[PDB]
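# Sequence first, structure after, both from an experimental entry:
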Amino acid sequence: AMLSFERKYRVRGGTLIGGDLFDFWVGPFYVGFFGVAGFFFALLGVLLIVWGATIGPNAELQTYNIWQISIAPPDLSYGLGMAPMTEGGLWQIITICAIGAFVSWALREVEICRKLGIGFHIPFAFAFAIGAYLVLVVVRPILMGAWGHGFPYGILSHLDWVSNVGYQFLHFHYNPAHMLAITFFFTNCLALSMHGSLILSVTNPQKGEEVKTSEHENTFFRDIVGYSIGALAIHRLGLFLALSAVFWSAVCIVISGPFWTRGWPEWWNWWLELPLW
Amino acid sequence: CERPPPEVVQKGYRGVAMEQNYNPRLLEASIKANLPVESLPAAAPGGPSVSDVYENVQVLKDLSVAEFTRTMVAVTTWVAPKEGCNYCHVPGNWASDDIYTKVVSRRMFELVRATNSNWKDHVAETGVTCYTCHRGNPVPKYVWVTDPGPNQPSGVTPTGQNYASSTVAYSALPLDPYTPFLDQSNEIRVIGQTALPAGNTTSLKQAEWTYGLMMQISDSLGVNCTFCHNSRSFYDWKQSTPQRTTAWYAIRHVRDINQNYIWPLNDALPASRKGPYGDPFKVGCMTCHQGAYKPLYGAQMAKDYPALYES
Amino acid sequence: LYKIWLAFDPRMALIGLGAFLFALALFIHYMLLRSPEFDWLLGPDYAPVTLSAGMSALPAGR
Amino acid sequence: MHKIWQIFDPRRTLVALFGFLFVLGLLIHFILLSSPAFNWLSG
Amino acid sequence: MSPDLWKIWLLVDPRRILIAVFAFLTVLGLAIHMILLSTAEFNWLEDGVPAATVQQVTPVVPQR
Amino acid sequence: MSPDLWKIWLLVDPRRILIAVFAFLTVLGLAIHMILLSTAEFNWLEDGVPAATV
Amino acid sequence: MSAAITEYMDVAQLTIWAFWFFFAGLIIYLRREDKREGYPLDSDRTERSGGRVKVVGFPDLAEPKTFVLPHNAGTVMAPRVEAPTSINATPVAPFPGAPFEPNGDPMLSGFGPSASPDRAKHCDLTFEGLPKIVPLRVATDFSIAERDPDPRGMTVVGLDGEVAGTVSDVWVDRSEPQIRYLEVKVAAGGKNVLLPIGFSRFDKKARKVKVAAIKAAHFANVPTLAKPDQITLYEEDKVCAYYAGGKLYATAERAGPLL
Amino acid sequence: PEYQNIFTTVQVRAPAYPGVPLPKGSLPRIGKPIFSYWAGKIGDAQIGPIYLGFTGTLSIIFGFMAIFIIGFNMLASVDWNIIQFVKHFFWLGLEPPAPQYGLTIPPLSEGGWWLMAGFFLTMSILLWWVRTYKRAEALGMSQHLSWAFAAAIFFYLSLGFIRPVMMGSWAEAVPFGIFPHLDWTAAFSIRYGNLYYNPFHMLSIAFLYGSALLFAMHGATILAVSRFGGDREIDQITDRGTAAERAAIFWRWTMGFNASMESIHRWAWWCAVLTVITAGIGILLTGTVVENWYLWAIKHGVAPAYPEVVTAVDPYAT
Ligand code: BCL
Ligand code: BCL
Ligand code: BCL
Ligand SMILES: CC[C@H]1c2cc3[nH]c4c(c3C)C(=O)[C@H](C(=O)OC)c4c3nc(cc4[nH]c(cc(n2)[C@@H]1C)c(C(C)=O)c4C)[C@@H](C)[C@@H]3CCC(=O)OC/C=C(\C)CCC[C@H](C)CCC[C@H](C)CCCC(C)C
Ligand SMILES: CC[C@H]1c2cc3[nH]c4c(c3C)C(=O)[C@H](C(=O)OC)c4c3nc(cc4[nH]c(cc(n2)[C@@H]1C)c(C(C)=O)c4C)[C@@H](C)[C@@H]3CCC(=O)OC/C=C(\C)CCC[C@H](C)CCC[C@H](C)CCCC(C)C
Ligand SMILES: CC(C)=CCC/C(C)=C\CC/C(C)=C/CC/C(C)=C/CC/C(C)=C/CC/C(C)=C\CC/C(C)=C/CC/C(C)=C/CC1=C(C)C(=O)c2ccccc2C1=O
Ligand SMILES: COC(C)(C)C/C=C/C(C)=C/C=C/C(C)=C/C=C/C(C)=C/C=C\C=C(C)\C=C\C=C(C)\C=C\C=C(C)\C=C\CC(C)(C)OC
Ligand code: HEM
Ligand SMILES: CCCCCCCCCCCC[N+](C)(C)[O-]
Ligand SMILES: [Ca+2]
Ligand SMILES: [Ca+2]
Ligand SMILES: [Ca+2]
Ligand SMILES: [Fe+3]
Ligand SMILES: [Mg+2]
């Protein structure tokens, strides 16, 4: 179906590729050329994940427990070449399908943006999430010299990867880009709660009260912290905090291993060894 | 900042990320600083025995004079090459023990001989040599004493932590893990081995002490935590590496060295060999490994000197 | 072939081409630094360290 | 004196003064409790 | 080598160039001094010569 | 030594220069004292000289 | 009290399951709040049954909530019911999910990117009751910041670089002091039309406002306001939507595809 | 290219807004507002005025005492050397009491100062919470911010007060320091068997990730429709315009479902709040009802099993 105000917006055109061939809707979704490509990229990737679960690490360890399902990358001994399907090659195909699905999803958003005549901030913001994924499975493995540095595709097994990569630097909290990325993540969560609270508290005021104005919003945080960023700028700030967190997270993992091999606390020895002290 | 790619050694299962990363140029520099000494030519078999020629040989009495002379030449290179043969001897009287270096070095021979014969769970036929620690220096470069930590006001009890220290690889972890673990035998394990609480009262602060020790262990061997652990379960031996078993014996081996060999020599050593708390310079993991997963990157020097093995 | 400059902005074409060539040059130089055979920053008289008496640069792995 | 209240708001000053005194009172009791010689809640 | 090099000040602001030059030279001067102090060879304060007359009369902590 | 050097003050704000110069010289003065205090040879407070009271 | 509830169940397992029940209830609540706009859905399922089947999915709609607007501007119910509206377009193909081709001139069709709802025909009011979006000629105490170029007198150019007019005045938000619209005097008939700041690319060096949305000739058909010194919420949407249609309708190449 | 609405090209100056009038008997707002040009390029130019009532004043006094105690103990830990204070500042911290003291009050340098700093900081945070409650109440607004702040306070209390009391030891609490509290975070996970396997740690991350996801989605969405006045969210909520319709329609065409201009802020509010609610619960479960999270995951079939390519002989099993 479509929203009660949606029909006047369902217009032909705005496609990047395909023209009128794929320009249609399936239920609520707009498909387009990249919806078709993205769906079958996703379909093949999901089916190979299920097949990877079906064969498992081996026959005895095979499991359909969704927590324990894991499709692992190749051994580092394979370098940047292709691996046999049951020795990490399935991970390589799924990664390619994932990249195809994510880029198609981003490009489908571009076509939707063109149909609606709105800005391209949303596909641009999603590209940062894709870029972070690309750093994890493409850029860092290539810089490290092996596809085996990618994280395994498993709900809990990719947490074991994060844990062990973190302890490859003995104390990952001292990663300066990690500290900056966490600061943006925590600040974003704080800024999101503040923004959600302010909008809700103004449009849903006290019992027997009218909806507040923009003056109330500015006055409220000026009364608390002495500064109000503004109704428009809080969305810039929220976008900046969220994208900066992902950018610095991509930096933090790409410098871990490729551009730094010692323990992360040792990186701060440049500060400790300044001749000032 | 370093430049990629590092030399990576995979230890665990693929995707588990149990790997060792080595900067090839940093590794090259480390190896050049940890080169072994070429073994002396083999002594001539036969000849006079030490027992019926020398007067005050109490440890190496099972050798022949040819091998004994070769041993003294080697330990001179290993310990006191600049100071020469007179560093450990009274000039003109070889049998004299009236010099502290002679008394210490005799106990050092027992240390090496006990290590090469009774601690193969750790040194595994590679063995140790006087050069493994001393590296041509009378005082080994990497030794430790009980660290008081940074200076504190007279009425402030030291915490022993929250202070940037190279002993814990520049973290704020408790900066003196040597004393409770490598000299005393404090429990290193802190993690409970049941899903639900079952009486493990170990404090979170005690985990920071184990973490500090593990930072020093990993820095001493130039490895990361995954060299011996699967970080998803640090307690679990089934998911660990064989190097964790070796490191377990090394901890007991170092305690044996410090308690039974270094500590009884404290009275003989001068004041310059002691820390602020009066304890002598002691042996840590860094003393032999000196930043490498094996001392001298696995160079085999002890096997060429039969004087370094117990009879 | 002036037709190229009829359809492509000379300012944008040169900015793109200059950035591309500079990026390509940086990439190729790094590709040579990756290989120790062509790593000229090791010095003209570079000699790899000699491993003797059972030394191994790297710990055993998989 | 007395004119000090012509430059200091009595409303803001009393709250700041009483808050400081309460914090000071809490601080001193905490210090005495920390001191084994003056902790009055022991045997 | 350029007889009419003085025309550069018709394009780049003299005050901003002077501010940037003075700021950049100061940072460069600090950086070079810090770099030299970081090295053992060129640290003129800890190199020994002129035969430092300060004695470290205290039990040392060799690990730190 | 350029004789016509006073014209610099027609370009840079004299007040902003004085504030920056005083701020920099104070930071530079603090930095150099700190550098000396961090060395063993030039720490005039911990060098023992003269005598040894404590 | 112990950590173990049965041989297999423990407190941590019960707590996580307790969260899932709450989280499931929370999602139902949030989805119910989501469906206060644009519901019941418009579908061929409803059209073919003659309105007998309402498409709302799950969860169904919530009870109406009231927003009491300030300055007694009325009370608006969020899950309201709107009158049926006819689009100014025809389907390209008859199969469900097919798009529509706008009728007549696409810029003036009011369809697609140029489509817009009929908002309330009253100005947005400040906290004191004054109109919020007003030109600088009546917001006298408002002024351009000293370090920023004054938009008045700048030249407005269209997508193709052709001059469309000059900025006669600047419209600002009184509640939050920011520029909202540029009042452009069209140099074709001398009629002042509003240009939203979101469709304006300032060129400070040349004092030029670049409008990539529409051509210079399209400024003559920008929707106009009844009162020259205030704009209603209804007219704000009409002005912004007209420029938005240009992003897809101004040029033939903008409909795509690239290849 | 097209104006991306990231920076304000042309700023307009108006006389500084004093604020919505507060009810009778409220203190006047302090500070003469100023206008920062650079703050106006990204956001609103006006800085100030601020309301500093009785509760805010008390929070300030309690808060400064906590910060002063922390800083003094940091300076004491480097034996008053202010130069060494700056060098080690990130590594410096105020340690909680040693484990042998339990919940008793230890001497000053053995955790006594930590308890005072912990108490004074807690009081200032609670007083600041009352301040946020009263500012919303004084303006006739609802208490959503206070609820969200209370959720964050709940997690803060779980870290330093509730869990240490449950464990019967102040040594379980968080040190006051930059790197020391990171060491605590790492040691906490290590001590209790890989906090990755705490399901409420997993949920907390999902919501922390979701918060960045939602704000990126919502922030980009509002900037995308800001050309239709989408930033004026109150007007869009009360009188739905084309900005709110296009925003909702974009997400319906993208992922098959959408929120409203109002309910997206309910998704935003709950995602951020659940981050610290689940964080607090997961902390309270750790050490109290679960000793080892990895072994708990093994018990409940959550931890994956890997082929045994590497193993160690247990030296205790002899
Ligand atoms: C050695 C430790 C001794 C001890 C030795 C002392 C000494 C010495 C003193 C106290 C003082 C106090 N002790 Mg004692 N005290 C001990 C143990 C306790 C215990 C306990 C559970 O163990 C408690 C709850 C207290 C509580 C108190 C408070 C009643 C008082 C601090 C008030 C204050 O800070 O006002 C500051 C906070 C404010 C908000 C000030 C404003 C006051 C009100 C709001 C305004 C009233 C105006 C009015 C006209 C002025 C008179 C007020 C009078 C308090 C009646 N003590 C132990 C046994 N205690 C102090 C005292 O007597 O002060 C009166 C004091 O000098
Ligand atoms: C022992 C482990 C170490 C540690 C080791 C690591 C390692 C290793 C990593 C991090 C990374 C991160 N760490 Mg850390 N980290 C530690 C402790 C912490 C603590 C803490 C409280 O202690 C915090 C808050 C963090 C926080 C962070 C973030 C900065 C970052 C993760 C976010 C991210 O990368 O976004 C990026 C977001 C993505 C990659 C998501 C991609 C989305 C894609 C494009 C879309 C997928 C669509 C999907 C399939 C749809 C499904 C369909 C459904 C139906 C919906 N770490 C400890 C000390 N940390 C990671 C990082 O920085 O990566 C860049 C990383 O690799
Ligand atoms: C080796 C270590 C020596 C030492 C060797 C030196 C050397 C060498 C120098 C100093 C200098 C200084 N030392 Mg010392 N100093 C030592 C120990 C100390 C100790 C201490 C607690 O131990 C302190 C507090 C000081 C402090 C000082 C300051 C008085 C002075 C730094 C000036 C500055 O920062 O410029 C900040 C100033 C400004 C930003 C404004 C200055 C310009 C003003 C407006 C003009 C003033 C003109 C003139 C000075 C006034 C006099 C008028 C006359 C008639 C000309 N020293 C030890 C014993 N010290 C420096 C100095 O003498 O500077 C003057 C200097 O060159
Ligand atoms: C960059 C800032 C933050 C951000 C932004 C962001 N994300 C976005 C967007 C934006 C702006 C979208 O517009 C887009 C969207 O549609 O949102 C609803 C999206 C999106 N972000 C999503 C998830 C997501 N974002 C994350 C993070 C972030 N997204 C950042 C924190 C994470 C994290 C941290 O884990 C996740 C899981 C989706 C809901 C959606 C993109 C949907 C998509 O790409 O669909 C195509 C793919 C499928 C339909 C199925 C997957 C097909 C694959 C072949 C399967 C294999 C995947 C993987 C390789 C293995 C499994 C993973 C294991 C780790 C378990
Ligand atoms: C939804 C969960 C997220 C969240 C939410 C959240 N946080 C919040 C709120 C909310 C909803 C608030 O309303 C509240 C706030 O005010 O926000 C602006 C707050 C807040 N969250 C803050 C921080 C914060 N939030 C964090 C995290 C999070 N907050 C979560 C991610 C973190 C992290 C990740 O670590 C931090 C550090 C504060 C900015 C603020 C609460 C401030 C507070 O309680 O302050 C108390 C008072 C003091 C400490 C004053 C000390 C400083 C003074 C300058 C001292 C000197 C004064 C004077 C000069 C003394 C004079 C001498 C004396 C002797 C008198
Ligand atoms: C059971 C079964 C059939 C199994 C088979 C599975 C198989 C084989 C294949 C399936 C896999 C395949 C092929 C998938 C193909 C692609 C498909 C169908 C994708 C589905 C879409 C999808 C990924 C949905 C996920 C959405 C999720 C989980 C999270 C999104 C983030 C989130 C929490 C959003 C909720 C909040 C909302 C609605 C935000 C949007 C939103 C924002 C951000 C505003 O700012 C705004 C402003 C003003 C008005 C409205 C809005 C608004 O709606
Ligand atoms: C201007 O400032 C000056 C210069 C004067 C002083 C400067 C000081 C400085 C530089 C301070 C710097 C401080 C820093 C860097 C602090 C960092 C702090 C961090 C990172 C803290 C992080 C976490 C801490 C937590 C979570 C602590 C939680 C503690 C709690 C909740 C404690 C509660 C304790 C209570 C309620 C105590 C009860 C005591 C009982 C026994 C009742 O008391 C008797
Ligand atoms: C047989 C070979 C060895 C000989 C001959 C030898 C000799 C000596 C001598 C003479 C001293 C005293 C030096 C001095 O105080 O100036 C000494 C001290 C010491 N040796 Fe050895 N040693 C040997 C092997 C080892 C080994 C294998 C280790 C490491 C485990 C070791 C560690 C130490 C330490 C820690 C000290 C104390 C520091 C010091 O006093 O200088 N030695 N050794
Ligand atoms: C919010 C805290 C709820 C109460 C938690 C109390 C746990 C502390 C231990 C109480 C019992 C102590 N002991 C030794 C008698 O068992
Ligand atoms: Ca090292
Ligand atoms: Ca010198
Ligand atoms: Ca002196
Ligand atoms: Fe919003
Ligand atoms: Mg600590």
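Everything's here; your move. Numbering: from 1, shown residues only, chains lettered A, B, ... in the order given. Ligands and ions are numbered 1, 2, ... in the order given.
# What's the local residue count around residue 247?
Just going to use chain A. By the criterion of other C-beta atoms under 10 Å in any protein chain shown, residue A:247 has 19 neighbours. Placement of C-beta: from N, CA and C, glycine included.
# if you could check chain H rather than the one you did, that'd help
Using other C-beta under 10 Å, residue H:247 is surrounded by 27 other residues.
# hang on, it packs against residue H:226?
No. The criterion here is C-beta atoms under 8 Å, and residue H:247 misses it with residue H:226 at 10.1 Å.
# In contact with residue B:136, which residues?
Going by C-beta atoms under 8 Å, 6 or more residues apart in numbering or on different chains, residue B:136 touches B:37, B:77-79, B:81.
# show me where chain E has helices.
E:14-38 (DSSP state H).
# What residues does it have near chain A?
E:34, E:37-38, E:43 (C-beta under 8 Å from any C-beta of the partner chain).
# how close does the residue positioned nearest the centre of chain H sit to residue A:70?
Centroid check for chain H by C-alpha atoms, centre = their mean gives residue H:152 as the closest residue, at 5.8 Å. Distance, residue H:152 to residue A:70, using C-beta to C-beta, to the nearest Å: 35 Å.
# and the residue found closest to residue G:208 once you drop the neighbours it is linked to in the chain, how many neighbours does it have?
With C-beta to C-beta, 6 or more residues apart in numbering or on different chains as the criterion, residue G:208 has its nearest non-adjacent residue at 4.9 Å, and that residue is residue G:155. By other C-beta under 10 Å, 17 other residues sit near residue G:155.
# likewise residue A:142?
Applying other C-beta under 10 Å, we find 15 other residues in the vicinity of residue A:142.
# Just list whatever residues bridge to residue G:186.
Counting by DSSP bridges, residue G:186 is bridged to residue G:165.
# what sits against it?
G:164-165, G:192-193, G:219-220.
# Count the neighbours of residue 12 for me.
As the question left the chain open, I've gone with chain A. Residue A:12: 22 surrounding residues under other C-beta under 10 Å.
# wait, chain E
Neighbour count for residue E:12, taken as other C-beta under 10 Å: 9.
# Over to the one 5 residues further on?
A count of neighbours around residue E:17, defined by other C-beta under 10 Å, yields 13.
# near ligand 3, which residues of chain C show up?
With the criterion set to C-beta under 6 Å from any ligand atom, chain C never comes near ligand 3.
# Tell me how many other residues surround the residue of chain B found nearest ligand 4.
Among the residues of chain B, residue B:15 lies closest to ligand 4, at 11.3 Å counting by C-beta to the nearest ligand atom. A count of nearby residues for residue B:15, using other C-beta under 10 Å, gives 29.
# Okay, and whatever residue of the stretch 51-200 of chain G ends up closest to chain F sits in which element?
Closest contact between the stretch 51-200 of chain G and chain F, by C-beta to the nearest C-beta, is at residue G:147 (17.1 Å). When elements are assigned from DSSP states H and E, residue G:147 belongs to no helix and no strand.
# Could you verify my assumption that it touches residue H:36?
No. Under the criterion of C-beta under 8 Å, residue G:147 makes no contact with residue H:36, lying 11.4 Å away.
# Next, the buried residues of stretch A:202-219.
By neighbour count with 16 or more other C-beta atoms under 10 Å in any protein chain shown, stretch A:202-219 contains the buried residues A:202-205, A:210-219.
# which bits of chain C sit near chain B?
For chain C, the residues found near chain B under the criterion C-beta under 8 Å from any C-beta are C:30, C:33-34, C:36, C:42, C:48-49, C:51-62.
# Please, which helix or strand holds the most centrally placed residue in chain A?
Nearest to the geometric centre of chain A sits residue A:129, at 3.1 Å (C-alpha atoms, centre = their mean). Here residue A:129 sits within helix A:121-134, counting by DSSP H and E.
# does that helix come close to chain G?
No. Helix A:121-134 is not in contact with chain G by C-beta under 8 Å from any C-beta; minimum separation 11.7 Å.
# And the closest residue to residue B:36 other than its chain neighbours, how close does it get to residue C:57?
Spatial nearest neighbour of residue B:36, chain neighbours left out: residue B:299 (3.6 Å); criterion: C-beta to C-beta, 6+ apart. Applying C-beta to C-beta, the value for residue B:299 to residue C:57 is 12 Å.
# Also residue E:41?
Distance, residue E:41 to residue C:57, using C-beta to C-beta: 29 Å.
# give me every residue that touches the closest residue to chain B within chain G.
Of all residues in chain G, the one sitting closest to chain B is residue G:3 (4.4 Å; C-beta to the nearest C-beta). By C-beta under 8 Å, 6+ apart, the residues touching residue G:3 are B:196-197, G:10-12, H:288-290.
# at 6 Å what do you get?
B:196, G:10-11, H:289 (C-beta atoms under 6 Å, 6 or more residues apart in numbering or on different chains).
# Adding distance to residue B:24, write the residues of chain E next to chain A out as JSON lines.
Formatted as JSON lines, the residues of chain E next to chain A follow (distance: C-beta to C-beta, whole Å):
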{"residue": "E:34", "distance to residue B:24": "28"}
{"residue": "E:37", "distance to residue B:24": "29"}
{"residue": "E:38", "distance to residue B:24": "24"}
{"residue": "E:43", "distance to residue B:24": "29"}
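# Buried among those? Need that as a selection in ChimeraX.
Filtering these down to the buried ones (16+ other C-beta under 10 Å) takes a single ChimeraX command:
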select /E:37
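# hey, where'd the helices end up in the stretch 101-250 of chain G?
Ranges of helices in the stretch 101-250 of chain G, per DSSP state H, counting those that start in this stretch, are G:233-249.
# what's around the residue in chain E that ligand 7 sits nearest to, how many residues?
Nearest residue of chain E to ligand 7, counting by C-beta to the nearest ligand atom: residue E:64, 23.9 Å away. For residue E:64, the count of nearby residues is 15 (other C-beta under 10 Å).
# And residue C:47, by the same measure?
So residue C:47, with other C-beta under 10 Å, has 7 neighbours.
# same thing with residue C:18?
Counted by other C-beta under 10 Å, the residues lying close to residue C:18 total 10.
# Work out for me the element it sits within.
Taking DSSP H and E as the criterion, residue C:18 maps to helix C:10-34.
# One more: residue H:216?
Per DSSP H and E, residue H:216 falls inside helix H:199-224.
# does any part of whichever helix or strand comes after that helix sit near chain A?
Going down the chain from helix H:199-224, the next helix or strand is helix H:233-238, by DSSP H and E. Yes. For helix H:233-238, a contact with chain A is found by C-beta under 6 Å from any C-beta of the partner chain, at H:233, H:237-238.
# What is the nearest of these to chain G?
If you rank the residues of helix H:233-238 next to chain A by distance to chain G using C-beta to the nearest C-beta, residue H:238 comes first, at 5.0 Å.
# That closest one and residue G:68 touch, don't they?
No. Applying C-beta atoms under 6 Å as the test, residue H:238 and residue G:68 come out as separate, 9.4 Å apart.
# quick one, which of these two is more surrounded?
Neighbour count, other C-beta under 10 Å: between residue H:238 and residue G:68, residue H:238 has more, with 23 against 15.
# dump the residue contacts of the more buried one.
For residue H:238, the contact set (C-beta under 6 Å, 6+ apart) comprises A:211, G:67, G:69, G:76.
# Could you dump the residues you listed into TSV and include secondary structure and distance to residue H:207?
Below are the contacts of residue H:238 laid out as TSV (DSSP: H, G, I helix; E, B strand; the rest coil; distance: C-beta to C-beta, whole Å):
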residue	secondary structure	distance to residue H:207
A:211	coil	29
G:67	strand	29
G:69	coil	34
G:76	strand	32
